[PDB]
Every structure is written in structure tokens, then in C-alpha cells.
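K.L.:
I'd like to ask some things about the structure below.
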Amino acid sequence: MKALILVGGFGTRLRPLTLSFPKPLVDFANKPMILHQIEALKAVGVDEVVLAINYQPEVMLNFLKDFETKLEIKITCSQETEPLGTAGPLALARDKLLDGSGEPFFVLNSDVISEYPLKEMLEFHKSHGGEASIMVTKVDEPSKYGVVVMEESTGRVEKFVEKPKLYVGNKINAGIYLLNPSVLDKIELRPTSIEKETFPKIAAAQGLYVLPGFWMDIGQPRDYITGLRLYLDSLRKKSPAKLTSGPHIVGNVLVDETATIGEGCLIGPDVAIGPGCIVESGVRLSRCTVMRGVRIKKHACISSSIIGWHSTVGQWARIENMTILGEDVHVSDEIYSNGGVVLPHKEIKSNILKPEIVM
Amino acid sequence: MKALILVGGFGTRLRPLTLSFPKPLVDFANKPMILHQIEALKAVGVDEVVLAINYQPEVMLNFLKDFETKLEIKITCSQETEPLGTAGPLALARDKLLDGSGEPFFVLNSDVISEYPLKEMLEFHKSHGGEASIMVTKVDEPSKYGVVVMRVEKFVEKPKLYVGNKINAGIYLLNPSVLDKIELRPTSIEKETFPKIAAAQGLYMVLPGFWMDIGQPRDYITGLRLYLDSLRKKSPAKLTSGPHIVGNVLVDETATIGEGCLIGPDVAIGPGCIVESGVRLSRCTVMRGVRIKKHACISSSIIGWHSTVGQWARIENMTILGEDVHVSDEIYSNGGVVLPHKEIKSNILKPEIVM
Amino acid sequence: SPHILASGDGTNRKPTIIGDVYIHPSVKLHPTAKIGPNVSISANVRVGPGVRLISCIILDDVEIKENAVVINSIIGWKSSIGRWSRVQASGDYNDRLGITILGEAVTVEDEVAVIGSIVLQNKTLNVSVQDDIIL
């Protein structure tokens, strides 16, 4: 069985975290964003996975080569000259998707997180004998999204109603697909948006056919703190023994086995500390995320912020209000940040008392 | 004869231009900033040049290797673990500065520009027989700088009353007999080392040129004026002229200019550029490979490498563009400090940092 | 009746017209100018070369100089727009300064920029203005 993942570009809207590592290489809850659905593809026994990137993979070959042996999965890249809409990158990778058995392959987007029930979807495919499968999640705001008008009896879609002024539905696409090899021929050589041109072509043929979990489109660095809540919440349901606990722990916290915490601290709720970190004593972490190798000194109070790789927060420093730090950022002691988006390799010796972009 | 150049770090205060290329590799008036004083060291016949950098030289080895043969000069790097004040990096490079002949070497700062009369300074050294030599320039604001009360005697920083107006210019001339007076601890040459020789009365020049401390990207347009102004005096045939040229303009032989343009004053267009028709350049500097489309109006701005200004786009008021920045047509920018690899399709009607 | 509307769409001594343009026959034009959408030019006006006109209306006896740009503007009578000068605005029909308005016989000098402002009649501008009301 095969699979394909749509990445896109480098993650321009995720800077300064994507100034060095690309979008799928950003550590989300300890693990890079790409590992959240590759291991899920191992739950359904997918051997080979292709990436529909647009940039040069020369910067990430060392990372993808170390995951092929640890996870026992074949990982190959596909680079397109131009972004070919939404379904174009699939036309180029059709050669790496056809194994001969004519089995349906998965198509995933890097900008979405969920619980990924891929196992019980094949049974939903091998039951009625459909040709194409998509996943759908309910949203409170159907006007800001593209509404899918299906019947509530079998699961067949009919039309695409984007920005409905009146109520025609509330169910939208979730960015995860399940396509038979019999669809890779309906595409043209021209960049086609799968949401605007390809999907309506199969809906009118009535040859196609709900997500019981969380949905989040991560397209901005501030979505990492709100998207991590939905992730840790699902972890409290799936496996509650994977989240650390203790007298100094409040809420849902995902700590790494490598990370070390000092005494007299208070962490939570919704905090994720990467590996190789060094947390000193007297700190107060809340609604934040810590990436690899960064050491937080004593008596620091961090709330709802994002810490890059190999940074250093000085003693008694206060960080709050969606403060974004790049890689290797050294915050002096007693420094206050109120929403400072700092570039990597920067020493902060002044307070960022108001939202401001520092270079 | 030897020489040493104090660079420092990567140029954090010069971003986004130093986000990719380090501080000394930024093209200033067509040429990289490092070549402005290397060719001046060849005017006095200096064979080897060492760089007292703080970052890893692995990113500029290809650049420093291409200048050793073109200029016939030995270029080697020195990397320190920590910044050791101002005189520390010289304590590490003492092995590459002593050739045995015991001749004085030069110490230059990468953040300073001038006319560099290095030739007539050795004669100013081989006349009275001094031990150490520095260069001094007059400034209108002596309180904001460190005043030298001159032979020099004392250091008066931030003088509330007037004790002088002459400050250091960042260019030195030191005998080999000075490399021993330093300690292993980080020592600042301006606060500790210079007063040690001043009290010894074993030191002793006025700079007859321009001085500019480039520590921010906006100083490139005003510092280019002082450079192009001195060029009108030294060699006036090095500045292009014509019916579409006003003031002092430094164009590259590789750059091509369209018709119906108006360039000046104080504009420097790098090599490999292609300027289209109907443009109006003034007080700006253009780097390599960037294409400016037709009917564009750019004033007092900085254009990065291999960027693109759309047609009818207006750029003014110290707008800073990174490498490979694509400005759409009819786009207005009023002081937008933009990151590299960014497509601008909306107006930056007010000063704003775009990523 | 679109033939009453200018539809050049080329350069046969006719400028590059980009739809929804009314050009008076008494105007003077140059084929290098791009007359964009939603522009209404009046009589006895001299249009310069390589100028961009979108979302604006120009009154009589206006003088447009070399490489001028006009966005979301209303140029008054007998006004003079200098060379490489720009007159733009946001286009917000709800904001007061969303449409920059120039008075009668206002002379915008060369390179002078006017962004979302209101200039009175018989006024000379040597310096660029922004987000103001000039009397």
C-alpha cells in the first residue's frame, strides 16, 4: 500500500520557526510535524510515502533518511517546479503511487492535525465498494469554509457551496483523502485545485462517499498553543498514561524522557517540553511549548509562548502574550516580553513591553 | 608587511541584509565592504591579511579564496570562542602578525569608511620614530563619543564641559612591541590598552577625509554620499555622467540601463543588473542581479540581491528589501523592512517590518 | 453603448485601455500610458507618458507630467501633477481619507507624493504629505 502527503512550500507563514527548518520539520509536541501522520500510516501498514513538496529537499535528506530505518518506512521526495494547484502534485507522483495491486492510497495535508483513524476507514471503504473517500469535520462557521452538502443516510456528496449566505450545511473537508488508483487519470496536466475542480467532477458522477475528533488548520505560529490543547486533550482520551503527572503538574503536560525539571516548579496546563532541555528551579510554565535543547533558568514565568531550539531564558524573566522566539535566542535575566517575535541568533537585553518584531 | 582587520560578529544590527551573507560580504557601492580596505592595504604593499571574526568562516571561505588571487594578497581567518573585548582578538592573532622584521602593522575596523591615506602615514611614522599610531577625525558631537585630548594624554568619555572634539577613527598603526602589553582577560583597547601607552607618552594623526560608523542599514544611503563625494575629488572619471545622470552616480559595467530614466543623485548600481525604462532613482543603492521594472520611482532605499520591483511601484523613505524580494506592480512602500524570499502584493503605506 | 467608452486595448497611437474607461475627444494622450479600470477623463487634459490611471476621475485642464501615478483620487480643475509624482489612496469609501481629493489648480511638484489626503484649491506642494488635510 502507498501514500502521499501534500506539504506545499517552506512554511512562509510560520516564520521565524521556518527560516531554518522547513514547515514539516518544526517540532510539534516533541515530535516533528511530519511524524504525527507517518506513524499513523504505519498503523495501516503503508510501506512507501511520497512528499509533494515545492522546495529543494537537499536540506532535509538527512532527517528523512534517519526515519526510514527507525520507522521501517520508505520515504521519497517529489519536487515540482511550480505549485500545480491542489491536485497537480498528485499527477507527478502517480508513478510512485501505482504498485500494480490497484489499492487505494492516502493523501494527507501537512497543515492539519487530527486523531487519524485510518484503520476503520478501509473497512468503511471495503464495505460499500466506493471509489473515493474523504473525511469531513463539523465546524461552527460554515460560511468561512467550503461547505460539503451530503445526505445524512449513506455519506454521498452532491455540490460545493463556498461562503453560503444562507444555511445549506455545516460540514467541511478535513484535508485527508482516500483515493483508488482509478482517479489518477481524471486529472489534467494543468494546475487544478482539487477542492474547486477535481472533487466536483467525481461528485456529479455519484461514485464517491465524519471525523470523530479535533480539527485544526495550523497556518500561523500562534496556532501551536491552541492546537496543542486539542492534541493533549485527545491524548487524555486515547492514552492518558503518556502524559506526565505529579504534585507540580496541572492539566495535560507532555514531557520528554530526556528533559530535566528542577525542584519547586509549576508546569501546566498544556505544556510540551522537547528533549535535551534543562529546566531550572522556581519556573512557572503555562499554555506554552518548549522545543529542543533550550535551557530555562531559575524563577522564570512563561505563559502562552513558543520557545525555539537551543535558546536560553535568563533568571526571573517574564514571557507572556504569544511571544515567539527563534533558534538560539538568549534572553537576559529579568527581561519582560509582551508579544515579541524575535529572530533567531539574537540576544535580548531590553524588555519587549509591547508586541514588536525584533531582528 | 602584515595587517589585521577587526570584523566582530555576523552583523546583527544590519539585518535583513546580514541574515544570509555576513557583515563584510555585503556589497557597498558595487564592491563588498571588505574590499574597500583590502585594496587600500595593497597600496602600501601588504601581502597577508588576517580577519578577527567571531563566527565560523566556513560560509565565506569561497569568497575569501576568490579574492586572494585577484588581489594577490594572503587572506586567513581567526575565530575566537568569545569576544575578548576590543584588544583580545589581537592577542590571538599575534602569531600571524610577527614576520621577524619587526615592522608596524595596521588594525582596521570593518564598520568604518574613509579615504585611507595609508601611504603617507608610514612617513608620518618613520619621521619622529614613535611606537604607536592612531587616526583621529573631528566630530560635531564630542559628548556622544570618546574624546582624545591631544601626542595624546587622557581619555574623557562624555565630557559635560568642553575638553576637545577629536575622537578615535577606528584605524590604528601598531609596532610589534605592543602585542606583549595585553593580558589574557578580555581588554577593551579604547578603555584599558590605549591609556596604558598614553601615560607612557610613547604614542602619537588627523584624518583629512570622511568618517561614518555603519551600524544600521539606513546609514548606507548617507554613507554612500560621503563615499561618492570623495570620489568626485580623488578620481572624477570613475563616476558615470550623461543627460540622464545627475550628481554622483556609480554604475557597474555589467549593469544595463534602459532609456527614459533619471538616476541620481548618489546611486550605485551593482553588476548583473538590468534597469528598465521610465525609472527615477535617487539617494538609493542597487545590489547585484535585481531587476527594476518600468515606470518605477525609488527614492532613498536599499534593494537586495536578485530582487524584483514591479512596474509603476513606488519605493521611498528608507525601505529595506532582502534578497529575492518580488514587489508587484503599482505597489507603494513607505519604510517597509522586508525579509528575504517574500512576494509583496500589497502596499506598505507606513513603516512596517514584513516577514 | 460601449463605443462611447474608450476601448483601445492596444498601441495604434491609442494607449493601453483596461476596460471601463471614458475618454473625452479633447484629451491629449500618449500610447505608453496604461489607463486602468474605472477612470473617467474629461476634456482638454494633457496626459503624459507611462502614467497609470486606475479608480480615479480627472477634471478639465489637468496637466499630467512624466511617469505619474494616480490611484483612488479626484484631480481638480487646472491641476498640475509633476513628473514622477504619485497621488494614491486606500479606496475605502467609508473612511474620510480613503479617497484623496485635490482642489482646483493644485500643483503637485515633481516626485511629490500625496497618500490619502485632501488638498484645497490654488495650492502648491513641494513636499510629500500623508494622512492629513492641507488647507
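The numbering of chain A matches Swiss-Prot: 1-209, 212-361, in order.
Here the Cβ of each residue, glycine as well, is placed from N, Cα and C on the backbone.
Okay, so Swiss-Prot annotates it like this:
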BINDING   A:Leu6, A:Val7, A:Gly85, A:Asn109, A:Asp111, A:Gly146, A:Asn173  GDP-alpha-D-mannose binding site
BINDING   A:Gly9, A:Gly11, A:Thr12, A:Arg13, A:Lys23  diphosphate binding site
K.L.:
Using all protein chains in view, find how many other C-beta atoms are within 10 Å of the C-beta of A:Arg13 (diphosphate binding site).
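P.N.:
Excluding its own Cβ, the number within 10 Å is 14.
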K.L.:
Cβ atoms within 10 Å, counted per site: which of A:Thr12, A:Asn109, A:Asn173 has the most, among these binding-site residues?
P.N.:
A:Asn173
K.L.:
By CA distance, which of the binding-site residues (A:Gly9, A:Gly11, A:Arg13, A:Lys23) lies nearest to A:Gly85 (GDP-alpha-D-mannose binding site)?
P.N.:
A:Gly9
K.L.:
Quiz question: given the binding-site residues A:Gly9, A:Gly11, A:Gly85, A:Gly146, which has the greatest number of C-beta atoms lying within 10 angstroms of its own C-beta?
P.N.:
A:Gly11
K.L.:
Per DSSP, A:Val7 (GDP-alpha-D-mannose binding site) is which: helix, strand or coil?
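P.N.:
A:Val7 (GDP-alpha-D-mannose binding site) sits in a strand per DSSP.
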K.L.:
Would you count the other CB atoms within 10 A of the CB of A:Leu6 (GDP-alpha-D-mannose binding site), including those on all shown protein chains?
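P.N.:
Its Cβ shell of radius 10 Å holds 21 other Cβ atoms.
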K.L.:
Want to know which binding-site residues, from A:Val7, A:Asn109, A:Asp111, A:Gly146, A:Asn173, are within 10 Å of A:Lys23 (diphosphate binding site) at Cα; which are they?
P.N.:
A:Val7, A:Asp111
K.L.:
Give me the count of other Cβ atoms within 10 A of the Cβ belonging to A:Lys23 (diphosphate binding site).
P.N.:
23
K.L.:
Look up A:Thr12 (diphosphate binding site) in the DSSP assignment and reduce it to helix, strand or coil.
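P.N.:
It is helical.
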K.L.:
Which residues, same chain and not among A:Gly9, A:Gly11, A:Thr12, A:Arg13, A:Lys23, have a CB within 8 angstroms of the centroid of the CB atoms at the recorded diphosphate site?
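P.N.:
My list of surrounding residues reads A:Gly8, A:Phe10, A:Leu14, A:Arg15, A:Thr18, A:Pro22.
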K.L.:
Taking DSSP as the reference, which of helix, strand or coil describes A:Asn173 (GDP-alpha-D-mannose binding site)?
P.N.:
strand
K.L.:
To the nearest whole angstrom, state the Cα distance for the pair A:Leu6 (GDP-alpha-D-mannose binding site) and A:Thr12 (diphosphate binding site).
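P.N.:
A:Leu6 (GDP-alpha-D-mannose binding site) to A:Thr12 (diphosphate binding site), Cα-Cα distance: 16 Å.
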K.L.:
In whole Å, how far is A:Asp111 (GDP-alpha-D-mannose binding site) from A:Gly9 (diphosphate binding site) when you measure between their Cα atoms?
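P.N.:
Between the alpha carbons of A:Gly9 (diphosphate binding site) and A:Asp111 (GDP-alpha-D-mannose binding site) there are 11 Å.
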K.L.:
Rounded to the nearest angstrom, how far is the Cα of A:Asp111 (GDP-alpha-D-mannose binding site) from the Cα of A:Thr12 (diphosphate binding site)?
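P.N.:
So the alpha carbons of A:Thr12 (diphosphate binding site) and A:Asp111 (GDP-alpha-D-mannose binding site) sit roughly 12 Å from each other.
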